[PDB]
Every structure is written in C-alpha cells, then in structure tokens.
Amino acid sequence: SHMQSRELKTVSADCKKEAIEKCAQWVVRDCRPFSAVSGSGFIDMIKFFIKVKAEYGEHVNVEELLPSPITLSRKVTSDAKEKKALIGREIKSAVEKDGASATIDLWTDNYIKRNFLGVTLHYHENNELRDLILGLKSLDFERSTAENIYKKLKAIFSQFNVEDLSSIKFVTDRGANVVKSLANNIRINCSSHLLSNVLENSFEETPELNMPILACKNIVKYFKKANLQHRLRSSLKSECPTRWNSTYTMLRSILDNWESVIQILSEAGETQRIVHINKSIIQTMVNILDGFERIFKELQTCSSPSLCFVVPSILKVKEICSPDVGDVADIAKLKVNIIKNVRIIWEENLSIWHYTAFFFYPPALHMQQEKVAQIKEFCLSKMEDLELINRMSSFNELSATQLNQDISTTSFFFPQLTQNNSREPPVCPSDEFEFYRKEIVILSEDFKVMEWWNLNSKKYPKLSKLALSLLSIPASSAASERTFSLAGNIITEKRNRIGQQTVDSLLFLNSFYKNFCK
C-alpha cells in the first residue's frame, strides 16, 4: 500500500553525533556487543520510541513507559503459545503426510559442562522451505545416554503436540548415543560431520603432513602454557562447525601469525618446536582447506534445498583433489587420501535419500547416475507410502497415539477436456517416474528446484509431493547452528542467561518471525 512515497528525515549533524555518543554509553555502561546497534529488532524498537516522542514530546515518563524484564519474559512466553496454536495444524499435517524432517544438533560445551541438543523441524509450503526451532536443551553430562536423548526428543515434539514420530526423517551426526536413540526411526547422516571426518582422517593418515600438524600442536600447547593464546588469534571463521575443524583453525592460527610465532619461540628458547614445519606446505594445506569452505556453507543452508547437492559435493571434493603434476609429493599423497576417504567415509555413509535428492534436481538427469534402479524402487515405495497414509487417515487408523488430520473458466471454455480429465484415472506412480526421467531441463544460475516441482505439480501429482518433501530435508544436522550461535549470550552468560523454557520459546518465536513474517 505504498501509494505515498514516504521520505524519511535525515537529522542534523549534531543530532547524529549525540546519537553515536548515546549508543556508545549504552554499550559501555550496560556491556552490550557492538552488533546490538545493528539488529533489525533494535532498529524497529528505536523507530517506535521516536514515534512516542513525536506524539508525547520529550518529557515522557520513560521508566514507566518501558516494560520490565519480567513483563517481557511473560510476553515472549505467551506470544510463543499463540504462534504454536496458529501453526499447529500445519506442523501436524507436515509430519503426518511424510513431509517432515528434523535436524538434531548436538555439541558439548566444556565451559558450562553441559551438552546441547538443538531440534529443528523442516518442511515445505509450496515453493517455500520452513525451518522451525523446536528446542535447544541444555543437558547434564550424566543424563546424555541414548535413552535420555530419546526422552528429550519425545518431550520436544510433545510440546508441539506431535506424539507420533514414525514419519519424521531425522538428520544427525554419527555420535553413538544419538544414533542408538533413533534406531527405530528414519535417520540420515549429517554431511557436515562426514566431510569433517574425511578431512581429519586424511590429514592423520598422511604421515608427512601429520608430522608438521603434530609440531603445530606442540606450538599451540606452548603458547597456551605461556598464556600467549591471544597471540595466535586468526581472522578465519570457518563455515564448518568449530567442533569439527580443529586442524584448519590451528593451521591458520600459526600461518597468519608466522613471523610472530618464530620470534616468540626464539626468545623463549623453544626452537625444537618448529622443526619439520615447512611454511609453504602449511600454506598449501590452508589453500586446499579453503576450497572446502563453500561446500560446508552450501550443505548447511536451510533456506534453500541442500540434500540434492550432497552428491555434487562429493564430485567437487574429487575435482579439487584431482592429480596435478605441479604438486609436491606430500600434497599429492594428501589428495589421494582425501579421495580414498570420500568413498570410505562419506559415500559409505550416505543413503538412498541422498541419491534420490540429486536425481530430483532435473538439470542433472542426464549426468552419470549409478543407482537409478534403486532410486525408482525407493520412489515407487514412497509414493505408495503416502497413498497408504491417506487411506488409513481417512479411516482414522493411521495412529494409535496421534489424532489424524459458477463453473471455472477452464471448464466453461474447455468442456470436452474437462470431462475427459474427470473420467481419466490419475497417472500411476511408475508413469510419473517414467515421464520425469525423460525431462530435459536447462541449468541456469537462477534455477530453483522447489519452484520447478511446485509448477509441475499437476503433471506429477504424487512425485512432486515426494520431491518437495524430500528436497526439504537438510543435508546438515547443524542447519540451525547460525541461530544457536547468535543465542550463545542468552544461554550461557550468567548475567544475561534466560531460563530453559524461555530459551525454547524465544528460539521458536525468532524462527516463526523469520519464516512467516517476512
């Protein structure tokens, strides 16, 4: 309704100056991070207070106008309840109709001495992917068995009234307990964890590189003992979860601070710690590792499909590591090891879900795919599974624990075609597959796989439902980690720490706004 242009007034130079001074005194006297002044919630709140001033003048009783921390806590809690009721039906329907997945993000916090279990629900609505944070549970180290994890998961979904988890596709790392906790459920392995394992194992298995890596660790160990950890500060923030890229972060620590490092070791008489380290070799290792950053980033998105790019990611690793006569031998060996590990660690741990996702990216149909027969069998089975779900649902027999659930212009002008379509029995599952397989779709950079399927829903009634829900399953268990990281302040710092229930309410609400309110 922007019928009116809406010009905003730019304040005077002096006002602008006083503004920066007020923001500085806020972050200093209240100990807030500099990024706080950039938040979109912060900006909208400031707009509101300016609006209050315009209506009431400057002499407003501000201490009275401002809500207390207590009232805000209650408000967040009540709003989350309202939003949960608003989308409750949508969530239960996604789960029931085989369209839901959940990423289970687990990490150990050694400072707080607590394990964290983040749970995010993923589904789609037409062309859009939905990612809703359901909970971020802080667990006691002794209450972290497979049984405890399963109990926590059940409790999280029960808070959204989802009691039957049969159809939810879970995406988790390979930790012993999380895997055992979901042994009776559909569970896919996290590609962020797999790729990280490929890298870590490859460096450890190349003795010529494990040597300088060990030497580098000896140096870190010394800088730690000498309280100079801050001297090894790197600007490199990896796309890969911290818990999984210990090697890359360390190498950049040493390399970015090289000249400083050699000086420190010399004046401390600790030169035996640098023996075996070849700076150029370290630089090559970081160059190679940097080439995988984009893969980690692409596999961890949850605003766009990522599952279909797992196979292409494997191909990319092999391309990056292709033999090159210009490589020094230590590097050539590392590359051969990475390729060997891509097969034994990553590929060995993929599932039919991954190959089918790649199959569901139309522009890639013509590419060498070795599992088409298995993919078709899986697709026929999944299309039939949804048809079964719908029949049982119709008779309220789907679950013992979950309660189920003027003529058109075209008919006017095309009466013949219309009656034909009414009398024509729907195309069978195999027919949809055969038509799809022959699709010739052009790769363009603005190609969006979800839109393609959504627009082709009439042509592929059942296959499109399958493709959309399958393509909505994230490739990484750390899909929501960007939000979890932003919430570190309110989950850990004593002065700023909010309670467990409100953390869950706040995260859910934050994801609700992001998904449904622009």
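The first residue of the shown sequence is 1; numbering continues from there.
In this entry, no coordinate-free residues of the deposited sequence separate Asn201 from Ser202.
For the pair 353 to 361 and 372 to 380, the record assigns the higher mean C-alpha temperature factor to 372 to 380. Set 450 to 458 against 63 to 71 and average the Cα temperature factors; 450 to 458 ends up higher. The maximum CA B-factor among the listed residues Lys81, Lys180, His366, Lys92, taken from the PDB record, is found at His366. Per the deposited coordinates, the residue with the largest Cα temperature factor out of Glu125, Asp164, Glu348, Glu142 is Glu142. Among the modelled residues of the chain, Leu506 sits in the lowest third by CA temperature factor in this PDB entry. For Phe160, the recorded CA B-factor ranks within the lowest third of the chain. Only modelled residues enter the ranking. In this PDB entry, the Cα temperature factor of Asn189 sits in the bottom third of its chain's modelled residues, the lowest group. Among the modelled residues of the chain, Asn489 sits in the highest third by CA temperature factor in this PDB entry. Among the modelled residues of its chain, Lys318 has a C-alpha B-factor that falls in the middle third, as given in the PDB entry.
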